[PDB]
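Scroll down for the structure; my scribbles are underneath it.
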Amino acid sequence: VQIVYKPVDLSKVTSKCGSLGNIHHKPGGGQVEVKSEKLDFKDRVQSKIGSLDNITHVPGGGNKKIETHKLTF
Amino acid sequence: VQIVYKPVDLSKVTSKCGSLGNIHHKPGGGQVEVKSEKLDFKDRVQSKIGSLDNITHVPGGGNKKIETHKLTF
Amino acid sequence: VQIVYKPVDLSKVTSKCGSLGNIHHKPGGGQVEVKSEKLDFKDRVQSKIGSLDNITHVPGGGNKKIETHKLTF
Amino acid sequence: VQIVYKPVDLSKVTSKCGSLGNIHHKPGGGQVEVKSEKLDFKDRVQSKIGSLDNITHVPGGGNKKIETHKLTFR
Amino acid sequence: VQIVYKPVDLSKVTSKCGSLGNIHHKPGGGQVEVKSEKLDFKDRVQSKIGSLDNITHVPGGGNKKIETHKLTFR
Amino acid sequence: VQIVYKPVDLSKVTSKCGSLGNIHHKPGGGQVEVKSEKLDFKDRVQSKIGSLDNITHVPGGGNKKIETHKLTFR
């Protein structure tokens with residue numbers, strides 16, 4: 001008798017996520033103007049005037065690998 | 001008698017998700033103008049004036065791989 | 001009898017997430033102007049005027065590997 | 001025998017090209033106003049306002065002369 | 001036998017290429033006003049305001065003269 | 001036998017290229033105003049305001065003269 005247990009694993013298991021390899025070339029507007037007597041913001045207001053945001057959230061993107069190389073005679 | 005147990009794994013398992021390999025070449029408007037007596041924002045208002053957002057959320061994109069290389073005589 | 005238990009693992013398990021390998025070439029607007037008699041922000045207000053944000057959250061992206069090389073005569 | 005090979009060449013070969021012999025008397029002299037506000041340009045701009053440059057370019061205007069004389073006797 | 005080989009060349013080969021013999025009398029002399037505010041340019045700008053440069057370029061204008069005289073006797 | 005090989009060359013090969021013999025009398029002599037505020041440039045700018053530069057470039061204008069005289073007897 002002989003048993004020759006030689007499994008080979010060469011696997012790649014990968015996550016690529018969020019903002020990857022993008023090109024942002026000269027972003028932005030010409031003129032932005034806001035004119036008022038008053039600007040009045042009073043509960044959970046978000047305001048953006050002529051600003052640029054690059055924003056990435058990755059709560060995902062995880063990897064799992066499980067192997068059970070059992071042998072029994 | 002012989003058992004020659006030699007499974008070969010070459011697998012690529014991949015996630016590519018979100019914003020990937022994009023080109024954003026000279027984004028933006030010419031002129032944006034807002035004029036008023038008052039701007040008045042008072043509960044959960046979101047305001048965007050001439051701004052650029054690039055925004056990526058990836059709660060997904062996960063990987064699982066499971067293998068059970070069992071042998072029994 | 002002989003048992004020749006020689007599994008080979010050359011696997012890569014990997015995460016690439018958030019902001020990776022992006023190019024941001026000369027970002028920003030020309031002119032941004034805000035004019036008022038008063039600016040009045042009073043509860044959980046967020047304000048952005050002509051600013052650039054690169055912002056990344058990665059609470060995800062984790063890796064797990066399990067192997068169980070059990071042998072029994 | 002007698003031979004008298006006596007050609008006479010008084011010719012002129014001339015090239016006159018470009019801006020020759022012009023009179024430009026009080027060019028400009030008036031009023032140019034450009035008022036310009038709140039403009040955006042995403043690509044190349046070339047602009048001339050009230051300009052009077054004298055730009056001269058001559059990659060050509062070269063001359064070639066080849067002439068060739070031979071006398072053969074017997 | 002008498003041979004007189006007496007060609008006469010008094011010719012002229014001339015080139016006059018470019019800006020030659022012009023008169024420019026009071027160029028400019030006027031009034032150029034640019035008022036510029038709140039402008040954005042994302043790519044190359046070339047601008048001339050009230051300019052009068054004299055720019056001269058001559059990659060050409062070369063001369064090539066080739067002569068070849070030969071007398072062969074017997 | 002008599003041979004008189006007596007060619008006469010008084011010819012001239014001439015090049016006049018570029019800016020020659022021009023009169024520039026009181027160029028400029030006017031008013032140039034640039035008022036300029038709140039401008040943004042993201043790429044190369046070339047600007048000339050009220051300039052009158054004399055720029056001359058001559059990669060050419062070279063002369064080649066080749067002569068060859070030979071007398072062969074018997």
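Residue numbering restarts at 1 for every chain of the structure tokens, chains are lettered A, B, ... in their displayed order, and ligands are numbered from 1 as they appear.
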
Chain D residues near chain B within 10 Å, closest pair each, using only C-alpha atoms, as a Markdown table:
```
| residue | atom | partner | partner_atom | distance |
| --- | --- | --- | --- | --- |
| D:38 | CA | B:31 | CA | 6.9 |
| D:39 | CA | B:30 | CA | 7.0 |
| D:40 | CA | B:30 | CA | 5.3 |
| D:41 | CA | B:30 | CA | 8.1 |
| D:42 | CA | B:26 | CA | 6.9 |
| D:43 | CA | B:26 | CA | 9.3 |
```

Got a sec to align chain A on chain B by every in-order Cα pair and hand back the fitted coordinates as an mmCIF file with C-alpha atoms, in the first residue's frame?
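Result went into result.cif, see below:
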```cif
data_model
loop_
_atom_site.group_PDB
_atom_site.id
_atom_site.type_symbol
_atom_site.label_atom_id
_atom_site.label_comp_id
_atom_site.auth_asym_id
_atom_site.auth_seq_id
_atom_site.Cartn_x
_atom_site.Cartn_y
_atom_site.Cartn_z
ATOM 1 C CA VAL A 1 -2.656 -0.731 -3.996
ATOM 2 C CA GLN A 2 -1.807 2.932 -4.395
ATOM 3 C CA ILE A 3 -3.875 6.130 -4.075
ATOM 4 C CA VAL A 4 -2.260 9.264 -5.596
ATOM 5 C CA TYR A 5 -4.320 12.164 -4.253
ATOM 6 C CA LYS A 6 -2.851 15.253 -6.006
ATOM 7 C CA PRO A 7 -5.671 17.820 -6.683
ATOM 8 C CA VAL A 8 -4.307 21.094 -8.188
ATOM 9 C CA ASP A 9 -5.984 24.480 -7.585
ATOM 10 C CA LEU A 10 -4.832 27.478 -9.706
ATOM 11 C CA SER A 11 -8.137 29.421 -9.268
ATOM 12 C CA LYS A 12 -8.485 33.202 -9.117
ATOM 13 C CA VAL A 13 -11.539 34.324 -7.061
ATOM 14 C CA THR A 14 -11.850 38.113 -7.088
ATOM 15 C CA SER A 15 -13.995 41.162 -6.375
ATOM 16 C CA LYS A 16 -13.533 44.452 -8.245
ATOM 17 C CA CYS A 17 -16.173 46.928 -7.063
ATOM 18 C CA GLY A 18 -16.814 50.605 -6.336
ATOM 19 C CA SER A 19 -15.163 53.195 -8.631
ATOM 20 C CA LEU A 20 -12.293 51.513 -10.575
ATOM 21 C CA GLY A 21 -10.096 52.781 -13.458
ATOM 22 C CA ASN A 22 -12.425 55.681 -14.428
ATOM 23 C CA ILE A 23 -11.113 58.849 -16.124
ATOM 24 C CA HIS A 24 -12.614 62.190 -15.016
ATOM 25 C CA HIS A 25 -11.005 64.723 -17.388
ATOM 26 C CA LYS A 26 -11.610 68.462 -16.676
ATOM 27 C CA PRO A 27 -15.014 68.126 -14.806
ATOM 28 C CA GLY A 28 -17.015 71.205 -13.714
ATOM 29 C CA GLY A 29 -19.502 73.912 -14.778
ATOM 30 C CA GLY A 30 -18.650 77.385 -16.156
ATOM 31 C CA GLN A 31 -20.509 79.771 -13.819
ATOM 32 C CA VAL A 32 -22.799 78.942 -10.866
ATOM 33 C CA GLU A 33 -24.537 81.832 -9.077
ATOM 34 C CA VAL A 34 -27.103 81.981 -6.230
ATOM 35 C CA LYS A 35 -28.565 85.363 -5.176
ATOM 36 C CA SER A 36 -31.121 86.019 -2.400
ATOM 37 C CA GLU A 37 -32.069 88.341 0.489
ATOM 38 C CA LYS A 38 -31.845 85.231 2.776
ATOM 39 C CA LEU A 39 -30.838 81.539 2.594
ATOM 40 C CA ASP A 40 -32.587 79.717 5.466
ATOM 41 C CA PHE A 41 -32.062 75.945 6.041
ATOM 42 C CA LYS A 42 -33.571 74.388 9.247
ATOM 43 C CA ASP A 43 -33.915 70.518 9.442
ATOM 44 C CA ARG A 44 -31.800 67.775 7.690
ATOM 45 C CA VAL A 45 -31.227 69.984 4.584
ATOM 46 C CA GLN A 46 -28.483 68.964 2.116
ATOM 47 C CA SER A 47 -27.289 71.757 -0.239
ATOM 48 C CA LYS A 48 -24.726 71.623 -3.089
ATOM 49 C CA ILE A 49 -23.815 74.770 -5.077
ATOM 50 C CA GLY A 50 -21.196 74.373 -7.860
ATOM 51 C CA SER A 51 -19.423 71.555 -5.902
ATOM 52 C CA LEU A 52 -18.166 68.220 -7.313
ATOM 53 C CA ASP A 53 -18.642 64.948 -5.341
ATOM 54 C CA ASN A 54 -17.055 61.597 -6.156
ATOM 55 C CA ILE A 55 -18.597 59.237 -3.588
ATOM 56 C CA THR A 56 -18.222 55.438 -3.229
ATOM 57 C CA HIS A 57 -19.860 53.064 -0.689
ATOM 58 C CA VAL A 58 -18.890 49.340 -0.760
ATOM 59 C CA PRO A 59 -20.552 47.352 2.074
ATOM 60 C CA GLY A 60 -20.519 44.382 -0.378
ATOM 61 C CA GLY A 61 -17.559 43.022 -2.383
ATOM 62 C CA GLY A 62 -16.548 40.189 0.039
ATOM 63 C CA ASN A 63 -15.135 36.791 -1.090
ATOM 64 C CA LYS A 64 -15.535 33.247 0.371
ATOM 65 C CA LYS A 65 -13.529 30.096 -0.584
ATOM 66 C CA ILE A 66 -14.158 26.738 1.151
ATOM 67 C CA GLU A 67 -12.454 23.404 0.332
ATOM 68 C CA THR A 68 -12.763 19.942 2.023
ATOM 69 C CA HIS A 69 -9.977 17.689 0.632
ATOM 70 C CA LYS A 70 -11.118 14.501 2.506
ATOM 71 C CA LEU A 71 -9.433 11.081 1.895
ATOM 72 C CA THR A 72 -10.385 7.787 3.675
ATOM 73 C CA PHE A 73 -8.926 4.266 3.268
#
```

Please, can I see chain D fitted onto chain E by all in-order Cα atoms (least squares), as a JSON list (two decimals) with N, CA and C atoms, in the first residue's frame?
```json
[["chain", "number", "residue", "atom", "x", "y", "z"],
["D", 1, "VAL", "N", 44.71, 74.92, -86.32],
["D", 1, "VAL", "CA", 43.52, 75.24, -85.54],
["D", 1, "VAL", "C", 43.76, 76.40, -84.56],
["D", 2, "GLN", "N", 42.70, 77.17, -84.29],
["D", 2, "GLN", "CA", 42.59, 78.11, -83.18],
["D", 2, "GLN", "C", 41.26, 77.88, -82.47],
["D", 3, "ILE", "N", 41.24, 77.87, -81.14],
["D", 3, "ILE", "CA", 40.01, 77.85, -80.34],
["D", 3, "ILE", "C", 40.09, 78.96, -79.30],
["D", 4, "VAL", "N", 39.03, 79.76, -79.20],
["D", 4, "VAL", "CA", 38.89, 80.82, -78.20],
["D", 4, "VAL", "C", 37.61, 80.58, -77.41],
["D", 5, "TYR", "N", 37.74, 79.89, -76.28],
["D", 5, "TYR", "CA", 36.66, 79.63, -75.34],
["D", 5, "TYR", "C", 36.62, 80.78, -74.33],
["D", 6, "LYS", "N", 35.84, 81.81, -74.63],
["D", 6, "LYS", "CA", 35.80, 83.07, -73.88],
["D", 6, "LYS", "C", 34.38, 83.47, -73.47],
["D", 7, "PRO", "N", 33.57, 82.60, -72.85],
["D", 7, "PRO", "CA", 32.27, 83.00, -72.34],
["D", 7, "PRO", "C", 32.44, 84.04, -71.23],
["D", 8, "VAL", "N", 31.55, 85.02, -71.17],
["D", 8, "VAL", "CA", 31.54, 86.07, -70.15],
["D", 8, "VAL", "C", 30.25, 85.97, -69.36],
["D", 9, "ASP", "N", 30.34, 85.85, -68.05],
["D", 9, "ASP", "CA", 29.19, 85.77, -67.17],
["D", 9, "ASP", "C", 29.13, 86.99, -66.25],
["D", 10, "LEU", "N", 28.13, 87.84, -66.49],
["D", 10, "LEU", "CA", 27.81, 89.04, -65.70],
["D", 10, "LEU", "C", 26.49, 88.89, -64.94],
["D", 11, "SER", "N", 25.98, 87.66, -64.82],
["D", 11, "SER", "CA", 24.66, 87.41, -64.25],
["D", 11, "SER", "C", 24.59, 87.74, -62.77],
["D", 12, "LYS", "N", 23.39, 87.96, -62.25],
["D", 12, "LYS", "CA", 23.16, 88.07, -60.81],
["D", 12, "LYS", "C", 21.98, 87.20, -60.43],
["D", 13, "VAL", "N", 22.15, 86.37, -59.41],
["D", 13, "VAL", "CA", 21.10, 85.50, -58.87],
["D", 13, "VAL", "C", 20.82, 85.97, -57.46],
["D", 14, "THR", "N", 19.62, 86.47, -57.20],
["D", 14, "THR", "CA", 19.31, 87.13, -55.93],
["D", 14, "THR", "C", 18.04, 86.58, -55.32],
["D", 15, "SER", "N", 18.01, 86.49, -54.00],
["D", 15, "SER", "CA", 16.82, 86.14, -53.24],
["D", 15, "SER", "C", 16.55, 87.24, -52.22],
["D", 16, "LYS", "N", 15.35, 87.81, -52.22],
["D", 16, "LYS", "CA", 14.89, 88.83, -51.28],
["D", 16, "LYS", "C", 13.62, 88.34, -50.61],
["D", 17, "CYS", "N", 13.71, 87.89, -49.36],
["D", 17, "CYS", "CA", 12.59, 87.25, -48.67],
["D", 17, "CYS", "C", 12.39, 87.79, -47.26],
["D", 18, "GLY", "N", 11.15, 87.92, -46.83],
["D", 18, "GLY", "CA", 10.78, 88.39, -45.50],
["D", 18, "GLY", "C", 10.25, 89.82, -45.52],
["D", 19, "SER", "N", 10.61, 90.60, -44.50],
["D", 19, "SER", "CA", 10.19, 91.98, -44.34],
["D", 19, "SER", "C", 11.32, 92.89, -44.81],
["D", 20, "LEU", "N", 11.31, 93.32, -46.08],
["D", 20, "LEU", "CA", 12.35, 94.20, -46.60],
["D", 20, "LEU", "C", 11.80, 95.58, -46.94],
["D", 21, "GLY", "N", 12.48, 96.65, -46.52],
["D", 21, "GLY", "CA", 12.21, 98.01, -46.97],
["D", 21, "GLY", "C", 10.87, 98.62, -46.53],
["D", 22, "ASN", "N", 10.23, 98.11, -45.48],
["D", 22, "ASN", "CA", 8.96, 98.64, -44.97],
["D", 22, "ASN", "C", 9.17, 99.87, -44.09],
["D", 23, "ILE", "N", 8.21, 100.79, -44.08],
["D", 23, "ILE", "CA", 8.14, 101.90, -43.14],
["D", 23, "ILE", "C", 6.96, 101.67, -42.21],
["D", 24, "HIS", "N", 7.20, 101.68, -40.90],
["D", 24, "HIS", "CA", 6.21, 101.55, -39.85],
["D", 24, "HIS", "C", 6.25, 102.83, -39.01],
["D", 25, "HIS", "N", 5.33, 103.76, -39.26],
["D", 25, "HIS", "CA", 5.36, 105.11, -38.70],
["D", 25, "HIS", "C", 4.27, 105.31, -37.65],
["D", 26, "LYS", "N", 4.68, 105.63, -36.42],
["D", 26, "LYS", "CA", 3.87, 105.63, -35.19],
["D", 26, "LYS", "C", 2.98, 104.39, -35.00],
["D", 27, "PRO", "N", 3.45, 103.14, -35.18],
["D", 27, "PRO", "CA", 2.64, 101.96, -34.86],
["D", 27, "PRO", "C", 2.28, 101.93, -33.38],
["D", 28, "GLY", "N", 1.11, 101.42, -33.03],
["D", 28, "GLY", "CA", 0.55, 101.60, -31.70],
["D", 28, "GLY", "C", -0.08, 102.99, -31.59],
["D", 29, "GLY", "N", 0.44, 103.84, -30.72],
["D", 29, "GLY", "CA", 0.05, 105.24, -30.56],
["D", 29, "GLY", "C", -1.31, 105.50, -29.91],
["D", 30, "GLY", "N", -2.24, 104.54, -29.99],
["D", 30, "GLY", "CA", -3.54, 104.60, -29.33],
["D", 30, "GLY", "C", -3.55, 104.06, -27.90],
["D", 31, "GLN", "N", -4.75, 103.67, -27.47],
["D", 31, "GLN", "CA", -5.10, 103.29, -26.11],
["D", 31, "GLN", "C", -5.64, 101.87, -26.08],
["D", 32, "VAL", "N", -5.00, 100.99, -25.31],
["D", 32, "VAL", "CA", -5.42, 99.60, -25.10],
["D", 32, "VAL", "C", -5.71, 99.41, -23.62],
["D", 33, "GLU", "N", -6.94, 99.05, -23.27],
["D", 33, "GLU", "CA", -7.33, 98.75, -21.90],
["D", 33, "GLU", "C", -7.87, 97.33, -21.82],
["D", 34, "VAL", "N", -7.30, 96.51, -20.95],
["D", 34, "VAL", "CA", -7.83, 95.19, -20.60],
["D", 34, "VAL", "C", -8.15, 95.19, -19.12],
["D", 35, "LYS", "N", -9.43, 95.17, -18.77],
["D", 35, "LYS", "CA", -9.91, 94.92, -17.41],
["D", 35, "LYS", "C", -10.45, 93.50, -17.35],
["D", 36, "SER", "N", -9.95, 92.71, -16.43],
["D", 36, "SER", "CA", -10.10, 91.27, -16.44],
["D", 36, "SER", "C", -10.28, 90.78, -15.02],
["D", 37, "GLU", "N", -11.44, 90.20, -14.71],
["D", 37, "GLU", "CA", -11.71, 89.70, -13.37],
["D", 37, "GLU", "C", -12.41, 88.35, -13.39],
["D", 38, "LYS", "N", -12.11, 87.51, -12.39],
["D", 38, "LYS", "CA", -12.84, 86.26, -12.14],
["D", 38, "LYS", "C", -12.82, 85.33, -13.36],
["D", 39, "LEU", "N", -11.62, 85.01, -13.87],
["D", 39, "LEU", "CA", -11.40, 84.08, -14.99],
["D", 39, "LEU", "C", -10.63, 82.81, -14.56],
["D", 40, "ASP", "N", -10.95, 81.68, -15.18],
["D", 40, "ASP", "CA", -10.30, 80.39, -14.94],
["D", 40, "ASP", "C", -9.82, 79.77, -16.27],
["D", 41, "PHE", "N", -8.56, 79.34, -16.34],
["D", 41, "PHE", "CA", -7.96, 78.70, -17.51],
["D", 41, "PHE", "C", -7.41, 77.32, -17.13],
["D", 42, "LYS", "N", -7.95, 76.25, -17.73],
["D", 42, "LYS", "CA", -7.53, 74.86, -17.46],
["D", 42, "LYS", "C", -6.41, 74.32, -18.36],
["D", 43, "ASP", "N", -6.05, 75.04, -19.41],
["D", 43, "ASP", "CA", -5.07, 74.62, -20.42],
["D", 43, "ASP", "C", -4.20, 75.82, -20.84],
["D", 44, "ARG", "N", -3.21, 75.59, -21.71],
["D", 44, "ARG", "CA", -2.21, 76.58, -22.14],
["D", 44, "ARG", "C", -2.86, 77.89, -22.59],
["D", 45, "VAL", "N", -2.28, 79.02, -22.19],
["D", 45, "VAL", "CA", -2.65, 80.37, -22.62],
["D", 45, "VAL", "C", -1.48, 81.04, -23.32],
["D", 46, "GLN", "N", -1.68, 81.56, -24.53],
["D", 46, "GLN", "CA", -0.80, 82.54, -25.16],
["D", 46, "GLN", "C", -1.53, 83.87, -25.29],
["D", 47, "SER", "N", -0.96, 84.97, -24.80],
["D", 47, "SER", "CA", -1.58, 86.29, -24.82],
["D", 47, "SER", "C", -0.62, 87.38, -25.27],
["D", 48, "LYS", "N", -1.08, 88.26, -26.15],
["D", 48, "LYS", "CA", -0.44, 89.52, -26.57],
["D", 48, "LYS", "C", -1.38, 90.68, -26.27],
["D", 49, "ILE", "N", -0.97, 91.67, -25.49],
["D", 49, "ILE", "CA", -1.73, 92.91, -25.26],
["D", 49, "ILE", "C", -0.85, 94.11, -25.61],
["D", 50, "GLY", "N", -1.20, 94.89, -26.63],
["D", 50, "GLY", "CA", -0.42, 96.08, -27.02],
["D", 50, "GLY", "C", 1.03, 95.82, -27.44],
["D", 51, "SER", "N", 1.36, 94.59, -27.83],
["D", 51, "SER", "CA", 2.69, 94.14, -28.23],
["D", 51, "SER", "C", 3.06, 94.55, -29.67],
["D", 52, "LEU", "N", 4.34, 94.87, -29.89],
["D", 52, "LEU", "CA", 4.96, 95.22, -31.17],
["D", 52, "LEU", "C", 6.38, 94.61, -31.33],
["D", 53, "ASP", "N", 6.61, 93.37, -30.87],
["D", 53, "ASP", "CA", 7.92, 92.71, -31.06],
["D", 53, "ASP", "C", 8.28, 92.56, -32.55],
["D", 54, "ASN", "N", 9.56, 92.73, -32.88],
["D", 54, "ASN", "CA", 10.13, 92.42, -34.18],
["D", 54, "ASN", "C", 10.84, 91.07, -34.10],
["D", 55, "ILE", "N", 10.19, 90.00, -34.56],
["D", 55, "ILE", "CA", 10.72, 88.64, -34.49],
["D", 55, "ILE", "C", 11.06, 88.18, -35.90],
["D", 56, "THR", "N", 12.32, 87.82, -36.11],
["D", 56, "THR", "CA", 12.88, 87.42, -37.40],
["D", 56, "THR", "C", 13.52, 86.05, -37.29],
["D", 57, "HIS", "N", 13.12, 85.12, -38.14],
["D", 57, "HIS", "CA", 13.64, 83.76, -38.14],
["D", 57, "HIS", "C", 13.97, 83.32, -39.57],
["D", 58, "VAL", "N", 15.19, 82.86, -39.81],
["D", 58, "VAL", "CA", 15.66, 82.46, -41.14],
["D", 58, "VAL", "C", 16.50, 81.18, -41.08],
["D", 59, "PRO", "N", 15.84, 80.01, -41.02],
["D", 59, "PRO", "CA", 16.48, 78.71, -41.22],
["D", 59, "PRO", "C", 16.99, 78.49, -42.65],
["D", 60, "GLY", "N", 16.42, 79.19, -43.62],
["D", 60, "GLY", "CA", 16.79, 79.15, -45.03],
["D", 60, "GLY", "C", 17.85, 80.18, -45.40],
["D", 61, "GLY", "N", 17.72, 80.79, -46.57],
["D", 61, "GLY", "CA", 18.57, 81.89, -47.05],
["D", 61, "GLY", "C", 20.03, 81.54, -47.31],
["D", 62, "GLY", "N", 20.43, 80.28, -47.22],
["D", 62, "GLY", "CA", 21.75, 79.83, -47.65],
["D", 62, "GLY", "C", 21.90, 79.82, -49.17],
["D", 63, "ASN", "N", 23.13, 79.90, -49.67],
["D", 63, "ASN", "CA", 23.43, 79.79, -51.10],
["D", 63, "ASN", "C", 24.41, 78.65, -51.36],
["D", 64, "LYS", "N", 24.17, 77.86, -52.41],
["D", 64, "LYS", "CA", 25.14, 76.90, -52.95],
["D", 64, "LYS", "C", 25.56, 77.34, -54.36],
["D", 65, "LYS", "N", 26.86, 77.47, -54.62],
["D", 65, "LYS", "CA", 27.40, 77.60, -55.98],
["D", 65, "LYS", "C", 28.36, 76.45, -56.26],
["D", 66, "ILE", "N", 28.07, 75.63, -57.27],
["D", 66, "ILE", "CA", 29.03, 74.69, -57.84],
["D", 66, "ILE", "C", 29.24, 75.09, -59.29],
["D", 67, "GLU", "N", 30.46, 75.39, -59.73],
["D", 67, "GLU", "CA", 30.81, 75.30, -61.15],
["D", 67, "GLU", "C", 32.12, 74.52, -61.36],
["D", 68, "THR", "N", 32.30, 73.95, -62.55],
["D", 68, "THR", "CA", 33.30, 72.92, -62.84],
["D", 68, "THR", "C", 33.85, 73.14, -64.24],
["D", 69, "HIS", "N", 35.15, 73.33, -64.34],
["D", 69, "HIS", "CA", 35.88, 73.65, -65.56],
["D", 69, "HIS", "C", 36.80, 72.48, -65.90],
["D", 70, "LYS", "N", 36.71, 71.94, -67.12],
["D", 70, "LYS", "CA", 37.76, 71.05, -67.63],
["D", 70, "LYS", "C", 38.10, 71.30, -69.09],
["D", 71, "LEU", "N", 39.39, 71.26, -69.40],
["D", 71, "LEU", "CA", 39.93, 71.29, -70.75],
["D", 71, "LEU", "C", 40.69, 69.98, -70.99],
["D", 72, "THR", "N", 40.29, 69.21, -72.01],
["D", 72, "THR", "CA", 40.99, 67.98, -72.41],
["D", 72, "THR", "C", 41.59, 68.15, -73.79],
["D", 73, "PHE", "N", 42.89, 67.90, -73.92],
["D", 73, "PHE", "CA", 43.61, 67.94, -75.19],
["D", 73, "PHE", "C", 44.11, 66.54, -75.55],
["D", 74, "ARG", "N", 43.70, 66.01, -76.71],
["D", 74, "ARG", "CA", 43.99, 64.64, -77.18],
["D", 74, "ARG", "C", 43.68, 63.56, -76.13]]
```

Let's see if you can do this: from backbone DSSP, list all strand (DSSP E or B) residues in chain A, as a VMD selection string.
chain A and resid 2 to 5 8 to 9 12 to 20 23 to 25 31 to 35 38 to 41 46 to 49 52 to 57 63 to 67 71 to 72
